[PDB]
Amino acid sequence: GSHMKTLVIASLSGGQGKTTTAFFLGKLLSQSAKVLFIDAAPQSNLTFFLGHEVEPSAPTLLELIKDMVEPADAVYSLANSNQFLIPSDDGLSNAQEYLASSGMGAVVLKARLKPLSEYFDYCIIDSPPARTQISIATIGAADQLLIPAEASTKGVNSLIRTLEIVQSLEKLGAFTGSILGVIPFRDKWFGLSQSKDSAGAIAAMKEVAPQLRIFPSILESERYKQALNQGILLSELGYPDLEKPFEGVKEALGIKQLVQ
């Protein structure tokens, strides 16, 4: 009955908030929808944060990409009944050349996930940094692309370079989705006033890509890691305001909040 929408979190620079976004957005979406998390990063941060351990001979994203197992076999249930995961471990960097060797790497993951379409409402994919076969393949898989970008000059560059890869993949017919928007990351506020550098970076993001939605920022705050470490939502920790970047995305997806 489902028509799975694949949301890919991409940003080529390191530490731009990709995994933090995948974790919170995915948990939030799972409140009323069936969500398939995919950890596409060889460093395997999301797999760990979602509380999943990979047993020695257990099929991961690697085995799926290499078509060594059926898609449903690399899918594991999580604590929550609306949450599932295709995990990764450090061996995933081996997919790097499998993808290169195919000559169609950018559409391999896209192809591998199609059979899971009617089992889930959303697929959320956490991408690694750097331009590689894996980060290109996650982008190729996207129905909707989300780019977290640090609210700094580094983040603006990440936005720009990420958009360049999408534009190139679109030309070659691998990217057929749309760009949902940009989430500024580590936007620094001093009480009620925004830091000039953060404000300036976001303003620069809008100049770079005038057509893109800029979502509410992931504010510079230790509360995100606090909630993450406890396995809970920012709202559940008592900081609903910090959750608004993700609520904004959810609203953009046309998802209507539950009401009382």
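Each residue number is its position in the shown sequence, starting from 1.
J.: Should the higher mean CA B-factor in the entry be assigned to 223 to 231 or to 64 to 72?
T.: The stretch with the larger mean CA B-factor is 64 to 72.
J.: Mean C-alpha B-factor higher for 88 to 96, or for 124 to 132?
T.: It is 88 to 96.
J.: Compare the CA B factors listed in the entry for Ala58, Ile218, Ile202, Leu46 and report the winner.
T.: In the PDB entry, the greatest C-alpha B-factor among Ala58, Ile218, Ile202, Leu46 is found at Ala58.
J.: Highest Cα B-factor in the deposition, which of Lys188, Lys114, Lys154, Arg161?
T.: Largest recorded C-alpha B-factor: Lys114.
J.: Would the CA B-factor of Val249 place it in the lowest, middle or highest third of its chain?
T.: Its C-alpha B-factor belongs to the middle third of this chain's values.
J.: Compared with the other modelled residues in the chain, in which third is the CA B-factor of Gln167?
T.: Highest third of the chain for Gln167's C-alpha B-factor.
J.: Mind checking which third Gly181 falls in for C-alpha B-factor across the chain?
T.: Middle third.
J.: Please place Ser102 in the lowest, middle or highest third of its chain by C-alpha B factor as given in the entry.
T.: As the PDB entry reports it, the C-alpha B-factor of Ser102 lands in the middle third of its chain.
J.: If you rank every modelled residue in this chain by C-alpha B factor, which third holds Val35: lowest, middle or highest?
T.: For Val35, the deposited C-alpha B-factor lands in the middle third.
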